[PDB]
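J.: Next comes the structure file input-v7.txt, holding compact mmCIF, N, CA and C atoms.
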# COMPACT_ATOMS: atom_id res chain seq x y z
N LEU A 948 60.07 72.78 34.05
CA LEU A 948 61.41 73.12 34.51
C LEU A 948 61.46 73.48 35.98
N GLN A 949 60.44 74.17 36.50
CA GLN A 949 60.43 74.48 37.92
C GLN A 949 60.35 73.21 38.76
N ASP A 950 59.73 72.15 38.23
CA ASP A 950 59.52 70.95 39.02
C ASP A 950 60.83 70.20 39.27
N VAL A 951 61.76 70.23 38.33
CA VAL A 951 63.01 69.50 38.56
C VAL A 951 63.84 70.19 39.63
N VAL A 952 63.92 71.53 39.60
CA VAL A 952 64.66 72.22 40.65
C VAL A 952 63.96 72.05 41.98
N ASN A 953 62.62 72.02 41.98
CA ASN A 953 61.89 71.80 43.22
C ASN A 953 62.18 70.41 43.78
N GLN A 954 62.20 69.39 42.93
CA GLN A 954 62.45 68.03 43.40
C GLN A 954 63.87 67.87 43.92
N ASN A 955 64.85 68.44 43.23
CA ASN A 955 66.22 68.35 43.72
C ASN A 955 66.38 69.12 45.03
N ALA A 956 65.75 70.29 45.14
CA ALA A 956 65.81 71.03 46.39
C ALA A 956 65.17 70.25 47.52
N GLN A 957 64.05 69.59 47.26
CA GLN A 957 63.41 68.79 48.30
C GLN A 957 64.27 67.61 48.71
N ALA A 958 64.90 66.95 47.74
CA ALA A 958 65.78 65.83 48.06
C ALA A 958 66.95 66.28 48.92
N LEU A 959 67.58 67.40 48.55
CA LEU A 959 68.68 67.89 49.37
C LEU A 959 68.20 68.34 50.74
N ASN A 960 67.03 68.96 50.82
CA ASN A 960 66.53 69.41 52.11
C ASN A 960 66.28 68.24 53.05
N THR A 961 65.66 67.17 52.55
CA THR A 961 65.44 66.02 53.42
C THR A 961 66.75 65.32 53.76
N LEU A 962 67.69 65.30 52.82
CA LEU A 962 68.99 64.70 53.12
C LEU A 962 69.70 65.47 54.23
N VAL A 963 69.61 66.80 54.21
CA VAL A 963 70.18 67.60 55.29
C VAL A 963 69.43 67.33 56.59
N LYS A 964 68.10 67.35 56.54
CA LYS A 964 67.32 67.24 57.76
C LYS A 964 67.48 65.88 58.41
N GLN A 965 67.95 64.88 57.67
CA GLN A 965 68.19 63.58 58.28
C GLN A 965 69.33 63.62 59.29
N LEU A 966 70.11 64.70 59.33
CA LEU A 966 71.15 64.79 60.34
C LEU A 966 70.60 65.13 61.72
N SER A 967 69.35 65.58 61.80
CA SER A 967 68.73 65.84 63.09
C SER A 967 68.12 64.59 63.71
N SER A 968 68.18 63.45 63.02
CA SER A 968 67.65 62.22 63.57
C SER A 968 68.71 61.51 64.40
N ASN A 969 68.25 60.81 65.43
CA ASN A 969 69.16 60.13 66.35
C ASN A 969 69.25 58.64 66.08
N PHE A 970 68.20 58.05 65.50
CA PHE A 970 68.16 56.62 65.20
C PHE A 970 68.39 55.77 66.44
N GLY A 971 67.99 56.27 67.60
CA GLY A 971 68.15 55.55 68.85
C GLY A 971 69.41 55.88 69.62
N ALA A 972 70.29 56.71 69.08
CA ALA A 972 71.43 57.18 69.85
C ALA A 972 70.97 58.14 70.94
N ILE A 973 71.75 58.20 72.02
CA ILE A 973 71.39 59.08 73.13
C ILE A 973 71.33 60.53 72.70
N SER A 974 72.01 60.89 71.61
CA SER A 974 71.96 62.24 71.08
C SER A 974 72.30 62.18 69.60
N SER A 975 71.87 63.21 68.87
CA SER A 975 72.12 63.25 67.44
C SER A 975 73.40 63.97 67.07
N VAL A 976 73.96 64.78 67.97
CA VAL A 976 75.23 65.44 67.71
C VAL A 976 76.34 64.48 68.10
N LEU A 977 77.12 64.06 67.10
CA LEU A 977 78.19 63.10 67.33
C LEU A 977 79.22 63.62 68.32
N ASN A 978 79.46 64.94 68.30
CA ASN A 978 80.50 65.51 69.15
C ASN A 978 80.19 65.36 70.63
N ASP A 979 78.95 65.60 71.05
CA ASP A 979 78.70 65.53 72.49
C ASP A 979 78.72 64.10 73.00
N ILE A 980 78.27 63.13 72.21
CA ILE A 980 78.35 61.75 72.68
C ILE A 980 79.80 61.29 72.74
N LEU A 981 80.63 61.70 71.77
CA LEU A 981 82.05 61.41 71.92
C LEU A 981 82.65 62.15 73.10
N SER A 982 82.13 63.33 73.41
CA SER A 982 82.68 64.15 74.48
C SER A 982 82.03 63.87 75.82
N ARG A 983 81.19 62.85 75.93
CA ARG A 983 80.75 62.42 77.25
C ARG A 983 80.72 60.91 77.47
N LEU A 984 81.00 60.08 76.46
CA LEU A 984 81.09 58.65 76.67
C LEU A 984 82.49 58.14 76.35
N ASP A 985 83.01 57.27 77.21
CA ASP A 985 84.29 56.64 76.92
C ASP A 985 84.11 55.69 75.74
N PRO A 986 85.17 55.45 74.97
CA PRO A 986 85.02 54.74 73.68
C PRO A 986 84.33 53.39 73.79
N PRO A 987 84.61 52.57 74.82
CA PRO A 987 83.94 51.25 74.88
C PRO A 987 82.43 51.32 74.81
N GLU A 988 81.81 52.37 75.35
CA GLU A 988 80.37 52.56 75.23
C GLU A 988 79.98 53.50 74.11
N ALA A 989 80.85 54.43 73.72
CA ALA A 989 80.50 55.40 72.69
C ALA A 989 80.48 54.79 71.30
N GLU A 990 81.30 53.75 71.07
CA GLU A 990 81.25 53.05 69.79
C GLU A 990 79.86 52.51 69.49
N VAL A 991 79.19 51.95 70.51
CA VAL A 991 77.86 51.38 70.33
C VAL A 991 76.89 52.45 69.86
N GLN A 992 76.95 53.64 70.46
CA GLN A 992 76.05 54.72 70.05
C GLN A 992 76.39 55.23 68.66
N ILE A 993 77.69 55.37 68.35
CA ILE A 993 78.09 55.89 67.05
C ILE A 993 77.62 54.98 65.94
N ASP A 994 77.67 53.67 66.16
CA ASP A 994 77.30 52.72 65.12
C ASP A 994 75.87 52.94 64.63
N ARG A 995 74.94 53.26 65.53
CA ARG A 995 73.56 53.48 65.14
C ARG A 995 73.44 54.68 64.20
N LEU A 996 74.11 55.78 64.53
CA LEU A 996 74.10 56.95 63.66
C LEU A 996 74.73 56.64 62.31
N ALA B 352 60.79 58.41 102.62
CA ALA B 352 60.73 59.87 102.64
C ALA B 352 62.07 60.44 102.15
N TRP B 353 62.61 59.87 101.07
CA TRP B 353 63.92 60.27 100.58
C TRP B 353 63.99 61.77 100.30
N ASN B 354 65.11 62.36 100.71
CA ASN B 354 65.38 63.78 100.57
C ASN B 354 65.84 64.09 99.15
N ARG B 355 65.66 65.34 98.74
CA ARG B 355 66.09 65.82 97.43
C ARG B 355 66.71 67.20 97.60
N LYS B 356 68.03 67.28 97.48
CA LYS B 356 68.76 68.54 97.53
C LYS B 356 69.13 68.93 96.11
N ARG B 357 68.92 70.20 95.77
CA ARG B 357 69.21 70.70 94.43
C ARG B 357 70.56 71.41 94.44
N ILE B 358 71.35 71.15 93.40
CA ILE B 358 72.73 71.62 93.31
C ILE B 358 72.87 72.44 92.04
N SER B 359 73.34 73.68 92.17
CA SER B 359 73.40 74.58 91.03
C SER B 359 74.29 75.78 91.34
N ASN B 360 74.65 76.50 90.27
CA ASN B 360 75.38 77.76 90.35
C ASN B 360 76.65 77.64 91.19
N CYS B 361 77.45 76.63 90.87
CA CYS B 361 78.71 76.40 91.56
C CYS B 361 79.62 75.62 90.64
N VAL B 362 80.87 75.47 91.06
CA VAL B 362 81.83 74.61 90.40
C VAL B 362 81.91 73.32 91.21
N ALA B 363 81.62 72.20 90.56
CA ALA B 363 81.54 70.91 91.23
C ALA B 363 82.74 70.06 90.81
N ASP B 364 83.62 69.78 91.76
CA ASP B 364 84.79 68.94 91.52
C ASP B 364 84.42 67.49 91.81
N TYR B 365 84.09 66.74 90.76
CA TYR B 365 83.72 65.34 90.88
C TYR B 365 84.92 64.43 91.07
N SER B 366 86.13 64.93 90.80
CA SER B 366 87.32 64.10 90.91
C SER B 366 87.54 63.59 92.33
N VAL B 367 87.20 64.40 93.34
CA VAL B 367 87.39 63.97 94.72
C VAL B 367 86.52 62.75 95.01
N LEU B 368 85.26 62.78 94.57
CA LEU B 368 84.37 61.65 94.79
C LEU B 368 84.79 60.44 93.97
N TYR B 369 85.24 60.67 92.73
CA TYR B 369 85.68 59.55 91.90
C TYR B 369 86.89 58.86 92.50
N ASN B 370 87.88 59.63 92.96
CA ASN B 370 89.12 59.05 93.45
C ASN B 370 89.00 58.53 94.88
N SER B 371 88.08 59.08 95.67
CA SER B 371 87.97 58.67 97.06
C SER B 371 87.51 57.22 97.16
N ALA B 372 88.27 56.43 97.91
CA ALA B 372 87.97 55.01 98.09
C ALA B 372 86.93 54.76 99.18
N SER B 373 86.43 55.82 99.81
CA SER B 373 85.41 55.67 100.85
C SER B 373 84.09 55.14 100.30
N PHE B 374 83.88 55.24 98.99
CA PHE B 374 82.64 54.78 98.38
C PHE B 374 82.71 53.28 98.09
N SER B 375 81.67 52.56 98.52
CA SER B 375 81.58 51.13 98.25
C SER B 375 81.18 50.85 96.81
N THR B 376 80.39 51.73 96.19
CA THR B 376 79.96 51.55 94.82
C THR B 376 79.74 52.92 94.19
N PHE B 377 80.22 53.07 92.95
CA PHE B 377 80.03 54.31 92.19
C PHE B 377 79.81 53.90 90.73
N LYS B 378 78.55 53.70 90.38
CA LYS B 378 78.16 53.20 89.06
C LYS B 378 77.37 54.31 88.37
N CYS B 379 77.71 54.58 87.11
CA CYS B 379 77.15 55.74 86.43
C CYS B 379 76.54 55.32 85.09
N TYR B 380 75.34 55.81 84.82
CA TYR B 380 74.60 55.52 83.60
C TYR B 380 74.45 56.79 82.78
N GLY B 381 74.74 56.69 81.49
CA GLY B 381 74.56 57.82 80.59
C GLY B 381 75.81 58.61 80.29
N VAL B 382 76.66 58.81 81.30
CA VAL B 382 77.88 59.60 81.14
C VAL B 382 79.02 58.90 81.88
N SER B 383 80.25 59.17 81.42
CA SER B 383 81.45 58.54 81.97
C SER B 383 81.92 59.27 83.23
N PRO B 384 82.25 58.55 84.29
CA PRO B 384 82.70 59.21 85.53
C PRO B 384 83.99 60.00 85.37
N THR B 385 84.83 59.67 84.39
CA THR B 385 86.15 60.28 84.29
C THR B 385 86.16 61.62 83.57
N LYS B 386 85.06 62.00 82.94
CA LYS B 386 85.02 63.25 82.20
C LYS B 386 84.12 64.30 82.84
N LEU B 387 83.46 63.97 83.95
CA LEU B 387 82.52 64.89 84.58
C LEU B 387 83.17 66.22 84.93
N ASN B 388 84.48 66.24 85.15
CA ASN B 388 85.19 67.50 85.40
C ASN B 388 85.17 68.42 84.19
N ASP B 389 84.79 67.91 83.02
CA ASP B 389 84.83 68.70 81.79
C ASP B 389 83.46 69.22 81.37
N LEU B 390 82.42 68.40 81.49
CA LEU B 390 81.10 68.79 81.02
C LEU B 390 80.50 69.89 81.90
N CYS B 391 79.50 70.58 81.35
CA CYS B 391 78.74 71.59 82.07
C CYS B 391 77.25 71.26 81.98
N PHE B 392 76.53 71.52 83.07
CA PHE B 392 75.17 71.04 83.22
C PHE B 392 74.27 72.18 83.68
N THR B 393 72.96 71.95 83.60
CA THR B 393 71.99 72.95 84.02
C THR B 393 71.79 72.92 85.53
N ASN B 394 71.32 71.80 86.06
CA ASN B 394 71.19 71.64 87.50
C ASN B 394 71.39 70.17 87.86
N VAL B 395 71.62 69.92 89.15
CA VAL B 395 71.94 68.60 89.65
C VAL B 395 71.08 68.31 90.86
N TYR B 396 70.46 67.13 90.89
CA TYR B 396 69.67 66.69 92.03
C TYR B 396 70.38 65.55 92.74
N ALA B 397 70.39 65.61 94.06
CA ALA B 397 70.92 64.55 94.90
C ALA B 397 69.76 64.00 95.73
N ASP B 398 69.28 62.82 95.35
CA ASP B 398 68.26 62.12 96.14
C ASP B 398 68.98 61.19 97.11
N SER B 399 68.83 61.45 98.40
CA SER B 399 69.57 60.75 99.44
C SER B 399 68.60 59.92 100.27
N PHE B 400 68.96 58.67 100.52
CA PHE B 400 68.14 57.81 101.36
C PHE B 400 68.97 56.63 101.84
N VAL C 401 98.34 37.82 92.83
CA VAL C 401 97.43 37.66 93.96
C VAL C 401 96.68 38.97 94.15
N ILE C 402 95.38 38.88 94.40
CA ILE C 402 94.57 40.04 94.76
C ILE C 402 93.72 39.67 95.97
N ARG C 403 93.70 40.56 96.96
CA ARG C 403 92.94 40.36 98.18
C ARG C 403 91.98 41.53 98.37
N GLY C 404 90.88 41.28 99.07
CA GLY C 404 89.90 42.31 99.30
C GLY C 404 88.90 42.42 98.16
N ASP C 405 88.20 43.55 98.13
CA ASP C 405 87.17 43.81 97.14
C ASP C 405 87.77 44.10 95.77
N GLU C 406 86.93 44.49 94.81
CA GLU C 406 87.29 44.84 93.45
C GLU C 406 87.89 43.67 92.68
N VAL C 407 87.76 42.43 93.17
CA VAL C 407 88.28 41.27 92.45
C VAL C 407 87.60 41.12 91.10
N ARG C 408 86.35 41.57 90.99
CA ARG C 408 85.62 41.45 89.73
C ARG C 408 86.08 42.45 88.69
N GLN C 409 86.90 43.44 89.07
CA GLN C 409 87.34 44.46 88.13
C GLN C 409 88.32 43.93 87.09
N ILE C 410 88.84 42.71 87.26
CA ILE C 410 89.79 42.16 86.31
C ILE C 410 89.00 41.67 85.10
N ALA C 411 88.80 42.55 84.13
CA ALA C 411 87.96 42.32 82.97
C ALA C 411 88.14 43.50 82.02
N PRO C 412 87.96 43.29 80.72
CA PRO C 412 88.19 44.38 79.77
C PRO C 412 87.12 45.46 79.88
N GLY C 413 87.54 46.70 79.68
CA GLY C 413 86.63 47.83 79.74
C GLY C 413 86.02 48.05 81.11
N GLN C 414 86.79 47.79 82.17
CA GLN C 414 86.33 47.99 83.53
C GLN C 414 87.08 49.16 84.16
N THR C 415 86.42 49.82 85.11
CA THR C 415 86.97 50.98 85.77
C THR C 415 87.06 50.73 87.27
N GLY C 416 87.90 51.53 87.93
CA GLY C 416 88.13 51.39 89.35
C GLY C 416 89.59 51.62 89.70
N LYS C 417 89.91 51.62 91.00
CA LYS C 417 91.30 51.81 91.40
C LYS C 417 92.19 50.69 90.89
N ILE C 418 91.72 49.44 91.01
CA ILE C 418 92.52 48.30 90.55
C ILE C 418 92.71 48.36 89.04
N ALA C 419 91.61 48.57 88.30
CA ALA C 419 91.70 48.60 86.85
C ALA C 419 92.52 49.78 86.35
N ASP C 420 92.54 50.88 87.09
CA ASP C 420 93.19 52.10 86.63
C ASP C 420 94.66 52.20 87.03
N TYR C 421 95.04 51.63 88.18
CA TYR C 421 96.40 51.78 88.67
C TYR C 421 97.16 50.48 88.84
N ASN C 422 96.49 49.33 88.81
CA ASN C 422 97.10 48.06 89.17
C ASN C 422 97.17 47.08 88.00
N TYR C 423 96.07 46.87 87.28
CA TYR C 423 96.03 45.89 86.21
C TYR C 423 94.95 46.30 85.22
N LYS C 424 95.35 46.63 83.99
CA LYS C 424 94.43 47.14 82.98
C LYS C 424 94.41 46.19 81.79
N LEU C 425 93.20 45.73 81.40
CA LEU C 425 93.03 44.85 80.26
C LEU C 425 92.77 45.64 78.99
N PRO C 426 93.23 45.14 77.85
CA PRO C 426 92.95 45.81 76.58
C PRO C 426 91.48 45.68 76.20
N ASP C 427 91.06 46.54 75.27
CA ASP C 427 89.66 46.57 74.87
C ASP C 427 89.27 45.32 74.09
N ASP C 428 90.16 44.82 73.24
CA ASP C 428 89.89 43.64 72.42
C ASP C 428 90.54 42.38 72.99
N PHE C 429 90.64 42.29 74.31
CA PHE C 429 91.30 41.14 74.92
C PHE C 429 90.59 39.86 74.52
N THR C 430 91.37 38.85 74.14
CA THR C 430 90.85 37.54 73.77
C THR C 430 91.53 36.50 74.65
N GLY C 431 90.85 36.07 75.71
CA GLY C 431 91.44 35.12 76.62
C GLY C 431 90.51 34.86 77.79
N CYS C 432 91.05 34.15 78.78
CA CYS C 432 90.26 33.68 79.91
C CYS C 432 90.84 34.16 81.23
N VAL C 433 89.94 34.43 82.18
CA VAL C 433 90.32 34.86 83.53
C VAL C 433 89.89 33.78 84.51
N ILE C 434 90.79 33.44 85.43
CA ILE C 434 90.57 32.36 86.39
C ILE C 434 90.94 32.87 87.78
N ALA C 435 90.10 32.54 88.77
CA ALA C 435 90.34 32.98 90.13
C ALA C 435 89.84 31.92 91.10
N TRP C 436 90.49 31.84 92.26
CA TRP C 436 90.07 30.94 93.32
C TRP C 436 90.64 31.43 94.64
N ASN C 437 89.91 31.18 95.72
CA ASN C 437 90.39 31.57 97.03
C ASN C 437 91.62 30.75 97.40
N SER C 438 92.58 31.39 98.05
CA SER C 438 93.81 30.73 98.46
C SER C 438 94.21 31.12 99.87
N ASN C 439 93.22 31.32 100.75
CA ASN C 439 93.52 31.66 102.13
C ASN C 439 94.53 30.69 102.73
N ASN C 440 94.38 29.39 102.43
CA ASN C 440 95.27 28.36 102.95
C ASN C 440 96.73 28.57 102.55
N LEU C 441 96.99 29.23 101.42
CA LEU C 441 98.35 29.40 100.93
C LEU C 441 98.89 30.82 101.11
N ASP C 442 98.07 31.84 100.91
CA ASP C 442 98.51 33.23 100.96
C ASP C 442 98.13 33.94 102.26
N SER C 443 97.45 33.26 103.18
CA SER C 443 97.12 33.90 104.45
C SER C 443 98.04 33.37 105.55
N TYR C 449 101.72 40.81 105.43
CA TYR C 449 101.88 42.07 104.73
C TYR C 449 102.81 41.92 103.54
Before anything else, please render the file you have as structure tokens.

T.:
Amino acid sequence: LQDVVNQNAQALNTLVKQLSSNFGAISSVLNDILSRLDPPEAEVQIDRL
Amino acid sequence: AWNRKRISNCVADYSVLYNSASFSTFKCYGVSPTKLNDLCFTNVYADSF
Amino acid sequence: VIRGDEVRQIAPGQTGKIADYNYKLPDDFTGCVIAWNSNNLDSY
């Protein structure tokens, strides 16, 4: 029984931690890239995330 | 022997440089020239040559 | 007619005095741009 809660907790933890990845975007926080790139270039970065 | 002046601890109005037609070329990589009046930065280097 | 520099600014997603105050193209523009010197015809 402890193993199922451990596995679900690990799955959720890695799912959360995947938000710190950039996947090649100039930054991982969507807000700052929207708040410093004009849309014609910011769309390209957003698509990768 | 290009010079390097460090710029910090001030309010920098980039709009004058953006709007001034005295510049033959003003090309910017990484950030949009039209929003620089909004962002805040740590320090700024001007390499002049 | 456009004279002087910034002639290349006539294009979508371009910035500058001409693109910002004179002639602005849409982001999804679908069409062609054509230019040629006309000093013989247009030369205050």

J.: Take atom C of residue 411 (chain C) and atom N of residue 978 (chain A) and report the distance between them in Å, one decimal.

T.: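 Result for atom C of residue 411 (chain C) versus atom N of residue 978 (chain A): 26.9 Å, one decimal.
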
J.: In file coordinates, which residues lie within 8 Å of (89.8, 45.7, 75.0) using only N, CA and C atoms, given as a compact mmCIF listing (two decimals) with N, CA and C atoms, in the coordinates of the input?

T.:
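Listing of result-v8.txt after writing:
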# COMPACT_ATOMS: atom_id res chain seq x y z
N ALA C 411 88.80 42.55 84.13
CA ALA C 411 87.96 42.32 82.97
C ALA C 411 88.14 43.50 82.02
N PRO C 412 87.96 43.29 80.72
CA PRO C 412 88.19 44.38 79.77
C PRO C 412 87.12 45.46 79.88
N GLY C 413 87.54 46.70 79.68
CA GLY C 413 86.63 47.83 79.74
C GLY C 413 86.02 48.05 81.11
N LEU C 425 93.20 45.73 81.40
CA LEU C 425 93.03 44.85 80.26
C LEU C 425 92.77 45.64 78.99
N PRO C 426 93.23 45.14 77.85
CA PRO C 426 92.95 45.81 76.58
C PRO C 426 91.48 45.68 76.20
N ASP C 427 91.06 46.54 75.27
CA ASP C 427 89.66 46.57 74.87
C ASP C 427 89.27 45.32 74.09
N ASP C 428 90.16 44.82 73.24
CA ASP C 428 89.89 43.64 72.42
C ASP C 428 90.54 42.38 72.99
N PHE C 429 90.64 42.29 74.31
CA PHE C 429 91.30 41.14 74.92
C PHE C 429 90.59 39.86 74.52
N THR C 430 91.37 38.85 74.14
CA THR C 430 90.85 37.54 73.77
C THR C 430 91.53 36.50 74.65

J.: What is the distance between CA of residue 392 (chain B) and atom N of residue 378 (chain B), in Å to one decimal?

T.: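 Rounded to one decimal, the two atoms are 19.1 Å apart.
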
J.: Please report, as AutoDock Vina command-line options, the centre and edge lengths in Å to one decimal of an axis-aligned box covering all listed atoms of region 991-994 of chain A with 6 Å per side.

T.:
--center_x 77.5 --center_y 53.6 --center_z 67.6 --size_x 15.3 --size_y 16.5 --size_z 17.9

J.: List every residue of chain C that DSSP, applied to the backbone of this structure, assigns to helix (DSSP H, G or I), and report them as a ChimeraX atom specification.

T.: /C:407-409,417-421,439-442

J.: Could you give me, as JSON lines, every chain B residue with an atom at most 7 Å from chain A, plus its closest atom pair and distance in Å to one decimal, counting only N, CA and C atoms, rows ordered by chain then number?

T.:
{"residue": "B:381", "atom": "C", "partner": "A:983", "partner_atom": "C", "distance": 6.1}
{"residue": "B:382", "atom": "CA", "partner": "A:983", "partner_atom": "C", "distance": 4.8}
{"residue": "B:383", "atom": "N", "partner": "A:983", "partner_atom": "C", "distance": 4.3}
{"residue": "B:386", "atom": "CA", "partner": "A:983", "partner_atom": "CA", "distance": 6.6}

J.: Have a look at CA of residue 949 (chain A) and atom N of residue 963 (chain A) and let me know their distance in Å, one decimal.

T.: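 Pair CA of residue 949 (chain A) / atom N of residue 963 (chain A) returns 20.2 Å.
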
J.: For residue 436 (chain C), list every protein, DNA or RNA residue within 12 Å, evaluated using only C-alpha atoms, and leave out those in the same chain fewer than 5 positions away; present the list as an NGL selection string.

T.: :C and (401-403 or 407-408 or 441-442)
